[PDB]
Amino acid sequence: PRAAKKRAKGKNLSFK
Amino acid sequence: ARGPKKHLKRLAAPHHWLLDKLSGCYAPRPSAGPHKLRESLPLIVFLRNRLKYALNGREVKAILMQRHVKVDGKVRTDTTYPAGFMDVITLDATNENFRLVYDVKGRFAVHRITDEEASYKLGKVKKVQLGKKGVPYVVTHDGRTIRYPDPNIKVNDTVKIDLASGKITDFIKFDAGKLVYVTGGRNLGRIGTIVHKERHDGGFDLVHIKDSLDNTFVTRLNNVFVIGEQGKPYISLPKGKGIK
Amino acid sequence: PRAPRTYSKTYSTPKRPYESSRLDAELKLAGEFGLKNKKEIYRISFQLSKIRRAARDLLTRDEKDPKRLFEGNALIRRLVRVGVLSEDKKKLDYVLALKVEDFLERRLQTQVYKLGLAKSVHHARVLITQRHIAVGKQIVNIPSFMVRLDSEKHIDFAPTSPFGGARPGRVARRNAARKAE
Amino acid sequence: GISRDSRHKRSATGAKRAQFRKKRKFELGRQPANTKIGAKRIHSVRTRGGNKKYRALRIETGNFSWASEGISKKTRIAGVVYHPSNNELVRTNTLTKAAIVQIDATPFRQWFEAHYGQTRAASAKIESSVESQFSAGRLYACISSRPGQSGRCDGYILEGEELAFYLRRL
RNA sequence: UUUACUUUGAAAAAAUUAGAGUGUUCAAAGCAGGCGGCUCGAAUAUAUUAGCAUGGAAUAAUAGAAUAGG
RNA sequence: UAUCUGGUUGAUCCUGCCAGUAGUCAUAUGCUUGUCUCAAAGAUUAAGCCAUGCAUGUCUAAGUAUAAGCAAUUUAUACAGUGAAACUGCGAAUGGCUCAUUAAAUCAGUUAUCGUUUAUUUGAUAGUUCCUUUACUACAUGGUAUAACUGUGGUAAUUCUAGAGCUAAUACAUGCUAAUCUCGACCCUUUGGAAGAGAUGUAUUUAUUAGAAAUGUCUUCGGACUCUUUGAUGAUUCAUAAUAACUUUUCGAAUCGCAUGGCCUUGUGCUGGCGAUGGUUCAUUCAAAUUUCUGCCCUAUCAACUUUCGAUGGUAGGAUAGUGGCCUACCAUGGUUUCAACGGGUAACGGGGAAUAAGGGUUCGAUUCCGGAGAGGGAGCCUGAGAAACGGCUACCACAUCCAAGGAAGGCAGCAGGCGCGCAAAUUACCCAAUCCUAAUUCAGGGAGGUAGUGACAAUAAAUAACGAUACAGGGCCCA
Ligand SMILES: [Mg+2]
Ligand SMILES: [Mg+2]
Ligand SMILES: [Mg+2]
Ligand SMILES: [Mg+2]
Ligand SMILES: [Mg+2]
Ligand SMILES: [Mg+2]
Ligand SMILES: [Mg+2]
Ligand SMILES: [Mg+2]
Ligand SMILES: [Mg+2]
Ligand SMILES: [Mg+2]
Ligand SMILES: [Mg+2]
Ligand SMILES: [Mg+2]
Ligand SMILES: [Mg+2]
Ligand SMILES: [Mg+2]
Ligand SMILES: [Mg+2]
Ligand SMILES: [Mg+2]
Ligand SMILES: [Mg+2]
Ligand SMILES: [Mg+2]
Ligand SMILES: [Mg+2]
Ligand SMILES: [Mg+2]
Ligand SMILES: [Mg+2]
Ligand SMILES: [Mg+2]
Ligand SMILES: [Mg+2]
Ligand SMILES: [Mg+2]
Ligand SMILES: [Mg+2]
């Protein structure tokens with residue numbers, strides 16, 4: 001039987 | 001000493017755990033349980049150093065006592081519980097199921113499985129004997145005593161156990177041509193098929209195994225675990241299929 | 001207790017240090033490349049001796065043996081990457097032909113001198129130790145830094161340095177303030 | 001005081017070993033329990049582990065089995081007649097395994113008449129010497145239990161070649 | 001024929017040693033995973049003697065109801 | 001040794017010789033000591049002696065609170081929040097330190113337990129209906145009982161305790177409550193009903209017993225008709241089962257939290273969920289004890305040793321968890337040795353390892369990991385699954401603290417810090433945040449451990465400057 005298939009991203013903010 | 005030891009130095013811990021030598025002075029000492037000390041992975045190591053879900057011992061304790069971790073279909077709260085080979089670990093909150101199988105390197109690998117696969121496990125028949133009241137029973141490699149076995153089930157065979165109820169669904173005989181997995185020695189983690197069981201009276205039996213690449217190697221019988229017939233394993237195998 | 005942290009010496013005293021030829025050779029090397037003291041020459045001689053002994057031992061082995069192929073390929077790759085060994089020069093026998101000088105040019109101080117950022121090896125060292133030179137995005141203050149071929153052509157003045165774009169140093173602005181006053 | 005370790009003894013070659021370590025609890029020994037005929041006195045002993053041992057300081061009664069008919073009856077112990085290890089135990093009437101003792105003939109006899117209706121005939125036939133013992137009123141028995149361990153004086157009756165040899169020794 | 005002897009395979013903890021990869025700012029070190037299937041990655045080695053299994057024609061011992069008798 | 005320098009005469013060459021120049025490591029010591037990373041701390045063969053302080057305690061919803069404890073409330077009607085103290089349970093047998101003793105001993109590798117104990121973890125595992133005083137507690141038995149606590153007291157003094165009064169349990173001691181299964185005549189022909197003949201735990205000890213031409217007929221074409229009937233190991237008196245008795249003889253839940261579902265004949269009736277803690281036996285796991293074979297430095301100016309008081313082996317017994325001269329009684333005369341027994345020395349814990357070496361070799365290895373032994377020196381023990389424990393106890397020897405002289409209290413080869421001299425060397429520092437460990441347990445505890453401080457132990461990198469112009473002068477450098 002086959003194994004289970006494989007399966008939050010970076011976010012950016014600039015201030016000042 | 002005068003009694004059982006309760007500490008384990010990091011340098012003395014099993015190598016396959018991959019514990020940093022400089023991180024501390026002591027390593028988790030596996031508590032008593034189904035599997036032997038050297039052939040077991042305590043839950044703390046699995047949750048922290050492998051899955052990286054917890055950052056130190058204390059969040060591991062928090063996770064465990066939240067009852068989010070199930071081993072062998074049962075909730076465990078001991079941080080040093082000795083999970084071992086072919087033990088099913090379920091984290092329902094994450095919807096993740098793992099089966100503990102060594103990689104070709106010989107190290108317990110994070111192998112994700114489906115729920116249907118998680119419903120059953122495999123156990124090598126370590127003993128078959130008549131108990132009290134004349135009730136036959138089988139002892140598997142994980143210390144499970146299953147009563148009223150199928151009388152064909154013999155030592156060195158493997159039995160498929162349903163986790164929910166703990167009965168034998170099916171079994172595989174130890175014969176030439178079956179598919180086996182190495183659970184000890186330098187060949188640890190390799191997968192192959194039997195060619196001969198070489199037998200020595202009063203001595204350790206030796207088994208010759210041929211892999212898919214036709215390479216042949218010899219290992220002691222205690223280190224052999226039947227997992228199916230050739231081309232049809234009863235469990236999902238890790239990446240590489242135990243080659244090299 | 002905590003597990004030991006291993007260590008090793010990076011240099012060894014030559015066999016008979018006081019040879020006049022050896023003294024003059026160390027003099028020439030130190031003067032040409034601006035080495036602080038003899039320990040640097042001893043260190044690089046130790047490294048080169050280790051490399052060349054390994055090359056000899058591999059050469060002793062027959063052709064096509066697994067260990068010879070694997071170790072020789074690794075050693076040639078490392079020597080080519082660091083820049084001592086040229087691309088057309090990829091054989092262990094030519095590794096036996098290396099000299100300390102090659103590693104000496106591969107020092108960051110020498111590269112800074114040659115690239116024209118500094119006109120002299122000592123000026124180059126002074127620039128390195130004062131945090132004015134950056135390899136890529138990284139400020140390097142170690143003259144013994146070994147420059148790779150790829151890293152060679154990214155050497156520049158650091159953005160924070162007064163020569164690389166930042167504001168003038170303390171001396172310049174102090175003088176400007178006093179002149180204004 | 002009593003210890004069993006092989007260390008204090010001389011070596012096979014005759015060399016004498018030096019004291020490797022102090023005495024250990026797990027190689028201990030305890031005083032003998034010289035069981036004697038007298039009112040039942042037994043006291044327990046706390047042994048290694050959670051287990052326990054019984055010390056027969058005194059017993060009169062023991063369970064003796066007539067093998068040839070496959071029965072077992074409780075019977076008073078008359079006295080020690082012969083012991084193969086050391087004869088002072090016979091003199092002092094000390095009860096231990098393999099001691100030869102005398103037991104009452106009463107329950108065995110009554111069972112005999114009850115089952116066989118005789119003081120069928122072929123089955124009732126019994127070896128002559130034991131019939132003489134029945135007529136005497138006391139039977140020779142051999143203790144098969146260890147009164148120093150289990151607190152029992154169970155045994156079995158002598159018969160056949162066993163009986164003949166022990167009578168000859170007597 | 002048997003042994004000695006020799007080849008090969010298991011076994012000989014970890015740490016240490018040799019070795020592969022990695023811009024800890026360099027280095028002494030530490031370290032095993034990266035991209036969205038990619039045929040990517042410690043590939044690993046190492047131990048005189050004792051025991052176990054195994055292929056051996058020579059060498060050195062050891063054997064014979066050997067070419068015996070009527 | 002090499003290389004380098006010098007001496008060997010009236011001088012120069014060529015030889016030959018002599019003196020000095022090699023090396024890391026180790027011990028001691030002198031001077032200097034700015035920055036980053038990292039890391040160690042023995043030594044009088046004195047395992048010699050120690051003031052003071054700390055280093056092992058522990059409570060969840062789930063064993064026991066009328067603390068005359070604290071706070072609460074719909075202002076309390078057995079209790080209910082939180083909770084000192086004490087009982088109870090568990091741990092203290094791990095960890096840390098040191099190398100005194102130890103020369104087939106420890107130890108390394110490799111075997112065996114069909115030779116035995118094993119708390120804990122994990123998986124299984126126990127309806128016995130009935131059996132005269134039913135004159136009957138199971139809608140749940142006692143003090144055959146006490147602490148904490150109230151109160152009266154002794155002693156100079158200690159983690160000293162006497163008498164009296166109280167009260168609990170998962171402490172201690174007792175003790176119960178119309179079942180299941182074989183066949184089954186007769187009806188009925190199945191989803192069948194059942195007149196009745198029968199059978200009924202564990203634990204301990206002994207004895208005995210078991211454990212090894214149906215090639216047909218019919219049939220619906222399927223199927224039915226008769227027979228089988230333990231398993232494992234190389235190997236067993238193995239596993240298991242059975243019969244007869246036996247036992248100062250056990251066990252078979254008189255325990256606790258949360259919650260209030262389902263049936264009705266409407267009764268505080270019957271039934272019922274999720275957990276904790278206990279309990280017999282087996283297996284597994286952590287362990288422990290013995291154990292098979294090979295391997296240790298110097299010594300032969302140690303050649304015979306062991307055996308009277310066990311030395312080798314046989315039988316029986318005692319003892320133990322268990323094998324075994326381990327011990328006892330009786331027996332024989334055995335056992336090792338020039339292939340070095342036995343005795344003596346060892347500044348002898350063994351090993352993984354470290355240094356050197358071209359290779360063979362030689363030396364070191366208290367010291368980060370494993371294993372063994374010890375806690376000033378002998379001897380003996382309670383507890384507990386596990387100790388011959390010493391931050392547990394008792395005696396003796398040597399030391400040594402307090403004293404009212406009547407007595408009491410001792411073990412830093414644990415972390416700091418002292419003495420051992422009249423000559424010297426880390427802080428009586430902070431913390432449980434990391435590592436893991438103990439507990440009733442997320443939470444409390446941990447000089448284990450971590451953080452920082454402190455003689456250049458051993459190692460890595462590396463500052464103390466770089467860039468110009470101007471002026472003046474003719475000698476500077478190498479060989480011989
Ligand atoms: Mg076996
Ligand atoms: Mg700056
Ligand atoms: Mg070998
Ligand atoms: Mg000084
Ligand atoms: Mg300065
Ligand atoms: Mg600074
Ligand atoms: Mg209250
Ligand atoms: Mg409460
Ligand atoms: Mg000696
Ligand atoms: Mg030996
Ligand atoms: Mg426990
Ligand atoms: Mg259990
Ligand atoms: Mg009272
Ligand atoms: Mg015996
Ligand atoms: Mg004797
Ligand atoms: Mg010594
Ligand atoms: Mg050592
Ligand atoms: Mg001790
Ligand atoms: Mg002392
Ligand atoms: Mg003691
Ligand atoms: Mg202690
Ligand atoms: Mg102390
Ligand atoms: Mg100290
Ligand atoms: Mg310290
Ligand atoms: Mg509880």
# chains A, B, ... in the order shown; residues from 1 in each chain; ligands from 1
call {"tool": "residues_near_ligand", "arguments": {"ligand": "ligand 2", "cutoff": "8 Å", "atoms": "only C-alpha atoms (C1' of nucleotides) and all ligand atoms", "output": "ChimeraX atom specification"}}
result
/C:131,160-161
call {"tool": "residues_near_ligand", "arguments": {"ligand": "ligand 1", "cutoff": "9 Å", "atoms": "only C-alpha atoms (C1' of nucleotides) and all ligand atoms", "output": "PyMOL selection string"}}
result
(chain B and resi 201-204) or (chain F and resi 233)
call {"tool": "residues_near_ligand", "arguments": {"ligand": "ligand 19", "cutoff": "10 Å", "atoms": "only C-alpha atoms (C1' of nucleotides) and all ligand atoms", "output": "PyMOL selection string"}}
result
chain F and resi 46-50+375-376+411-413
call {"tool": "write_last_selection", "arguments": {"atoms": "C-alpha atoms (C1' of nucleotides)", "output": "PDB file, in the first residue's frame"}}
result
ATOM      1  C1'   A F  46      48.751  11.637  53.226  1.00  0.00           C
ATOM      2  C1'   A F  47      41.849   6.067  51.177  1.00  0.00           C
ATOM      3  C1'   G F  48      45.821  11.662  56.409  1.00  0.00           C
ATOM      4  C1'   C F  49      42.418  15.018  59.847  1.00  0.00           C
ATOM      5  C1'   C F  50      38.069  18.545  59.431  1.00  0.00           C
ATOM      6  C1'   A F 375      33.062   5.688  52.309  1.00  0.00           C
ATOM      7  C1'   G F 376      38.731   6.469  59.144  1.00  0.00           C
ATOM      8  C1'   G F 411      32.351  10.462  60.028  1.00  0.00           C
ATOM      9  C1'   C F 412      33.452  16.035  53.346  1.00  0.00           C
ATOM     10  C1'   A F 413      37.406   9.557  48.847  1.00  0.00           C
TER      11        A F 413
END
call {"tool": "interface_residues", "arguments": {"of": "chain B", "to": "chain F", "cutoff": "7 Å", "atoms": "only C-alpha atoms (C1' of nucleotides)", "output": "NGL selection string"}}
result
:B and (2-7 or 11-12 or 24-28 or 31-36 or 61-62 or 129-131 or 134 or 139 or 143-146 or 201-202)
call {"tool": "residues_around", "arguments": {"residues": "segment 107-111 of chain C", "least_positions_apart": "6", "cutoff": "6 Å", "atoms": "only C-alpha atoms (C1' of nucleotides)", "output": "PDB file with N, CA and C atoms, in the first residue's frame"}}
result
ATOM      1  N   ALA C 124      46.943  46.547   2.906  1.00  0.00           N
ATOM      2  CA  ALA C 124      45.829  45.614   2.811  1.00  0.00           C
ATOM      3  C   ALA C 124      45.507  45.009   4.170  1.00  0.00           C
ATOM      4  N   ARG C 125      46.531  44.580   4.909  1.00  0.00           N
ATOM      5  CA  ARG C 125      46.288  44.020   6.234  1.00  0.00           C
ATOM      6  C   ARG C 125      45.632  45.046   7.144  1.00  0.00           C
ATOM      7  N   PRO C 143      42.762  38.522   8.111  1.00  0.00           N
ATOM      8  CA  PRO C 143      43.656  38.464   6.945  1.00  0.00           C
ATOM      9  C   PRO C 143      43.904  37.055   6.443  1.00  0.00           C
ATOM     10  N   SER C 144      43.911  36.059   7.326  1.00  0.00           N
ATOM     11  CA  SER C 144      44.128  34.678   6.915  1.00  0.00           C
ATOM     12  C   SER C 144      42.909  34.056   6.251  1.00  0.00           C
ATOM     13  N   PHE C 145      41.846  34.825   6.031  1.00  0.00           N
ATOM     14  CA  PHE C 145      40.681  34.318   5.324  1.00  0.00           C
ATOM     15  C   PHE C 145      41.089  33.776   3.961  1.00  0.00           C
ATOM     16  N   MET C 146      40.617  32.574   3.647  1.00  0.00           N
ATOM     17  CA  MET C 146      40.929  31.909   2.386  1.00  0.00           C
ATOM     18  C   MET C 146      39.810  32.213   1.401  1.00  0.00           C
ATOM     19  N   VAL C 147      40.164  32.822   0.280  1.00  0.00           N
ATOM     20  CA  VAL C 147      39.177  33.287  -0.683  1.00  0.00           C
ATOM     21  C   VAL C 147      38.977  32.237  -1.765  1.00  0.00           C
TER      22      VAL C 147
END
call {"tool": "interface_residues", "arguments": {"of": "chain C", "to": "chain E", "cutoff": "7 Å", "atoms": "only C-alpha atoms (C1' of nucleotides)", "output": "list in words"}}
result
residues 7, 8, 138, 139, 140, 142, 144 and 145 of chain C
call {"tool": "residues_near_ligand", "arguments": {"ligand": "ligand 23", "cutoff": "8 Å", "atoms": "only C-alpha atoms (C1' of nucleotides) and all ligand atoms", "output": "list in words"}}
result
residues 412, 414, 415, 416 and 417 of chain F
